[PDB]
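Same protein, same chain, two forms; see structure 1 and structure 2 below, as structure tokens.
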Structure 1
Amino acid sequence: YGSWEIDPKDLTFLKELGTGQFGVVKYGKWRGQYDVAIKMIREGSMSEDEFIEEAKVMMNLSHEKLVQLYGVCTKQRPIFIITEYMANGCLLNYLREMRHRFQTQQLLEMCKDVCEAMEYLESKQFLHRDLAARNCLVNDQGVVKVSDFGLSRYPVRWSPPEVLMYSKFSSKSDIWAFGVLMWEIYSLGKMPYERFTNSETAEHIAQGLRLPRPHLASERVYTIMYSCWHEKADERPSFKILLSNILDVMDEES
């Protein structure tokens, strides 16, 4: 893959952070000077072609609020993926572990960080398959960033109208999820619809039920997350507009 291929002997496995479906992440050090995260992909988790597309996306996309790629080790099995290390780890556990210790003005900065990354992927026609607090990482300075792994891109004469319409306004799925994310941040890791099941939630949202307003979220902040929860997808805002609305509130409140 060129310069992206790194030397394995320069790595050093030290600790374990977690395990996923497409491998296991392990904490290490690059040349014993910088902290990095290393993911060990399983032999049969993904196909060859699937890795070329996934990799091709990680090298061509770059944003300050996206998990930076340090390199990969495709010259061995299992293959590695070296990236920057996030000291604080997951955002969900971060909101619950360090709960109510950061003031409200910091909560909105977390939404801005995620909105900045999504706005970038939006400009590149990329969709987050699972946008939620559990899929966001926090670094030492409290910056929230999303990942590039597992991203998506965006029969005509045999497909129904429901499929055609979705193929043109599918980007609005990441907007609804983002709205529920702000709810998780301002609720400090509260699970959406705690008093409802999966079947219930699907029925309540269909009837118009929306998440309450976090007590730590101002009435204007609620307008942002609530703007993302519009029945008509085309009536929902874009990540560029949401970023402007978030920045607008930050200036008026801070």
Structure 2
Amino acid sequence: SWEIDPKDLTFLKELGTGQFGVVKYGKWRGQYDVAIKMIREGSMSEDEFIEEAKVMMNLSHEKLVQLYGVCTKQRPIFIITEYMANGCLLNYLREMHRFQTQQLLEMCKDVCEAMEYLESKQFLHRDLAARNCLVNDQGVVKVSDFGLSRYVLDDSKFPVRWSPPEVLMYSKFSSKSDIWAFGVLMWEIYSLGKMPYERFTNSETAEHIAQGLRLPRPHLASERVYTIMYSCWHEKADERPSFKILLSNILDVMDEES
């Protein structure tokens, strides 16, 4: 299956503390560079996650952080993935790399590709945000932590700033809720890691979201690009474009800038 022998891993350095515990860098079998996530005890519904990991393991796409396996025959649980040299996208954006507007749209395309794949498989992310994206040594952005919020053990919140009205009111997660979050993700990229609704608390942001207050147009984003992210914020979920339409629109803008 997808079980990796924990005795075939080696911890060289600790990259930091992500969601669910610490992340290590090391070698798999003494042959492959990999990152190792140590699921902190008591931070996740492990039984449900272990059984669901089989489905998430089979998801294959270049813009999805490639998963190599897990170590569930022990504790803490291990998750072996590829090593993204540049780490989290949020910290990567807040470090100005002298980002060119063409590069910003490039990052949106990377995420939109992975989301279009998850959409084709009817797999919801539920927590799409710059903090959950990773960048490799070549500057490619890949989506991660997809479908994990459903197993988080809680021991308004912050993710409200990325949620649509139907999620804040009825927790009605769907493909259109990922569309809304992706629109906010585009806002973070063109905002260079700026926090959405930084002036309001979590509860205040939810109130303004329920009232219709959309995120403003970032400075580095043209009206052409802002129209794409703005389309993700239709009040009616059924009126929001799919990731196929979003990816198609992003491709049209990139082709014109060529």
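Throughout, rigid core stands for the largest set of C-alpha atoms superposing within 1.5 Å between the two forms. Along the sequence of structure 1, residues get numbers from 1 upward.
Among the residues 126, 149, 85, 183, the single one whose Cα moves by at least 2 Å between structures 1 and 2, once the core is superposed, is 149.
Here residue 42 counts as shifted, since its C-alpha moves by at least 2 Å between structures 1 and 2 after the core is aligned. With the core held fixed, residue 9 shows a CA shift of 2 Å or greater between structures 1 and 2.
In a rigid-core overlay of the protein, residue 162 has its C-alpha displaced by at least 2 Å between structures 1 and 2. At residue 53, the distance the Cα travels between structures 1 and 2 is 2.7 Å after the core is superposed. For residue 66, the CA shift between structures 1 and 2 after superposing the rigid core equals 0.8 Å. Taking the core as reference, the C-alpha deviation of residue 23 between structures 1 and 2 is 4.1 Å.
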